[PDB]
Amino acid sequence: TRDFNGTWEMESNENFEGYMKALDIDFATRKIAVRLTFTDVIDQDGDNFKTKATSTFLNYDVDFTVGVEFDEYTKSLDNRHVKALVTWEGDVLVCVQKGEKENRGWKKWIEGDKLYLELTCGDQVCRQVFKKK
Amino acid sequence: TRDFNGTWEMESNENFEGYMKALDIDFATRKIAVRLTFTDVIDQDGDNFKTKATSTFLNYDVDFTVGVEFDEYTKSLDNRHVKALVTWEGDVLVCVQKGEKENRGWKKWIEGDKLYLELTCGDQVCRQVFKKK
Amino acid sequence: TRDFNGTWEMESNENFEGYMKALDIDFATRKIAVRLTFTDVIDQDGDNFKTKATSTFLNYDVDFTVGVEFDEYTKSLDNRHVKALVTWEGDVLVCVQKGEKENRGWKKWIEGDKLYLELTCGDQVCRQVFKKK
Ligand SMILES: *C/C=C(\C)c1ccc(-c2ccc(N3CCC3)cc2)s1
Ligand SMILES: *C/C=C(\C)c1ccc(-c2ccc(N3CCC3)cc2)s1
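Chains as they are written, first to last, in the entry's author numbering: chain C, 1 to 133; chain B, 1 to 133; chain A, 1 to 133.
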C-alpha cells in the first residue's frame, strides 16, 4: 500500500551506530542516540507528507514470576545476558542476576508507604526511594 | 508587562552550545543539552518568582511533497544541507539526499501493520521497524 | 507488606554513579543518566510481576525575589559559586550572577505574548523564545 498515515512506534533498530558513523556524528551523541526509541507521526495527504519524529529514552521492562528463573538481556543498561531469579526473603523481593558481573542483582521492599530499591553490582550499591504517585 | 505567569513552551534556541561552552560545560553534556527543548512554568506573585524548567528531547520534523525537491537542513543529526527528493518506486517511498555524503537516503514501505525503514549512507545500512499505534 | 502494586515516583537516588561505573557504562551515558528521574510502575498479582521503568529529565527549579541577592551553586550547570541578583529594568527582568565568569547573567521579557530570554556569559549570548501555552 501507499498509505503511510499513522502513529508509528519503533520496535527494532539495527546498526544505528554504523549509520551515524557514516554521518560524522561524535561519540557522545552516538552513545546517547543508541539508547532512544522513536515514535514517528506521519500525516499524509496524497503526495503531501508531514512527518514528526519523536524521541524517548527507552524504558526498562521486566516481567517475572517469583522463583521462576528467566533469561534477561539488559538492553539500555550494559547490554549483558544474565540468568535472573527472584526470591522472597521475608517481604524483601531479592533478585540475583547470574552472569559476568559479581554480586549483581537488586532488592525491592516496602516500608511505610515508600518503595525501596537497592541496585547492586560488584562492590557498588545504589539506593533509591520512591513515593506513590 | 511585568506578569510572567504562565506555561512557556520553547519556540527557538540559538547559540545554546556557544553559551554552554563559555561556561566550561563538558563536551558530552553540551551535545545532550543541544538536543533538548524546554517548557518553563513561571509562578509570579508580585516580585516573588518560583520557576520550573522542564526538559524533553527536541523532535525532528520534515514536510515534503512526493516529486517536489526541497532543501533540507538536517538539524539534530550532522547539521548538513541536502537537496532531498522523495519519490515512488512501486509502493516503496524512496528518498535521495544529495549532498557531500552520497548514497545517502532512505527507503520506506508498509507490510501488514509494520512500517519498514532502511537508512543508508555510504556503505552503511540501518534497519528500523515500527508498529502502528 | 508484599503488595508492590502502584506507580512509584523517584524521591532520592544515591550512588547511581558508582553503580553504573561498576557496570562499565560509558562516560557520556553516565553524565546523562545522572540527570534523570524514574517512575517505576509495578503490576503485581500474587507472585506474578510486570514492571516498567520510565526515564524523564530532572526539572530545574529556581525561586527568587526581585532585589534580594542570594548565593547560588550552579547545579545542572557548571557548579561554580555565584552571587545572584534579579532586578527590574523597566519591564525587562535582569539577572546578574557575580563570579569568576564575566558578564554572566540573563535577561527575560515579554513582548506580545512570547517570552524572550537572553542568556549571557562573557561575550556569548544565547537567545531563546517561548510561546505561552
Ligand atoms: C521517515 C524518515 C525517518 C523516520 C528518519 C530520517 C532520519 C531520522 C532521525 C531522527 C532523529 C535522530 N536522532 C535524535 C538524535 C539523533 C536520528 C535520525 S528519522
Ligand atoms: C524493579 C526495577 C529495577 C530492579 C530496576 C533495575 C535497573 C533499573 C535501571 C534503569 C535504567 C538505568 N540506567 C540507564 C543507564 C543507567 C539503570 C538502572 S530499574
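Positions of the beta carbon are idealized from the N, C-alpha and C atoms, including for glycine.
Is residue i a contact residue of ligand 1, with contact defined as CB to any heavy atom under 7 Å?
i      : result
C:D40  : yes
B:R35  : yes
B:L119 : yes
A:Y19  : no
Chain B partners of residue i, CB-CB under 9 Å?
i     : result
C:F70 : Near C:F70 there are no residues of chain B at all, since even the closest Cβ is about 24 Å away, more than 9 Å.
A:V94 : Those within 9 Å of A:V94 in chain B number zero; the least Cβ separation is about 13 Å.
C:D61 : None at all; the shortest Cβ gap to chain B is about 15 Å.
A:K98 : Chain B residues near A:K98: none, gap ~15 Å exceeds 9 Å.
Mind listing the chain C neighbours of residue i? Cutoff is C-beta to C-beta under 9 Å, in chain order.
i      : result
A:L77  : Here the premise fails: no neighbours, minimum Cβ distance about 17 Å.
B:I32  : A28, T29 and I32
B:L115 : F4, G6, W8, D40 and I42
Indicate whether residue i and residue j have their beta-carbon atoms separated by less than 8 Å.
i     : j      : result
B:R80 : B:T87  : no
B:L23 : A:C126 : no
B:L93 : C:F4   : yes
B:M20 : B:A28  : no
Using a cut-off of 7 Å between C-beta atoms, extract the partners of residue i located in chain B.
i                      : result
C:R2                   : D91
A:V66                  : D47
A:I110                 : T1 and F4
A:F130                 : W8, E9, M10, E11 and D40
residue 201 of chain C : Any answer about residue 201 of chain C is impossible in this case: the structure gives chain C only from 1 up to 133.
Would the beta-carbon of residue i be found less than 7 Å away from any heavy atom of ligand 2?
i      : result
C:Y116 : no
C:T56  : no
C:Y60  : yes
C:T87  : no
C:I25  : no
C:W106 : yes
C:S76  : yes
A:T29  : yes
Return the residue from the list the options that minimises the CA-CA distance to residue i.
i      : options                         : result
B:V41  : B:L117, B:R104 and B:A53        : B:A53
C:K132 : A:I32, A:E14, A:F38 and A:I25   : A:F38
A:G67  : A:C95, A:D91 and A:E100         : A:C95
A:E89  : A:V82, A:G99, A:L77 and A:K108  : A:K108
B:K50  : A:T56, A:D91, A:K83 and A:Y60   : A:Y60
A:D71  : A:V82, A:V62, A:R104 and A:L119 : A:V82
B:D45  : A:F64, A:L117, A:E17 and A:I110 : A:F64
B:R35  : C:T1, C:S55, C:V129 and C:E69   : C:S55
A:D47  : A:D26, A:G105, A:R2 and A:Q124  : A:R2
A:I25  : C:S76, C:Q128 and C:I110        : C:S76
C:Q124 : C:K98, C:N103 and C:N15         : C:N103
Mind listing the chain A neighbours of residue i? Cutoff is C-beta to C-beta under 9 Å, in chain order.
i     : result
B:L58 : Ordered by position in chain A, no residue passes the 9 Å Cβ test against B:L58, which lies about 12 Å from the chain.
Examine ligand 4 and report whether any of its heavy atoms sits within less than 7 Å of the Cβ of residue i.
i     : result
C:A53 : With respect to small molecules bound, the structure shown includes ligand 1 and ligand 2 and not ligand 4.
Residues of chain B with a CB under 8 Å from the CB of residue i: which are they?
i     : result
C:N15 : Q124, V125, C126 and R127
Give the interface partners of residue i over in chain A, defined as CB-CB distance under 8 Å, in chain order.
i      : result
B:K133 : The premise fails here: B:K133 is roughly 16 Å from chain A at the closest Cβ pair, so nothing lies under 8 Å.
List the residues of chain A whose Cβ lies closer than 7 Å to the Cβ of residue i, in chain order.
i     : result
C:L23 : Simply none; closest approach about 17 Å.
(Q) Measuring CB atoms only, is the region 112-120 of chain C touching the region 2-20 of chain A, in the sense that at least three cross pairs come out at less than 8 Å? (A) yes
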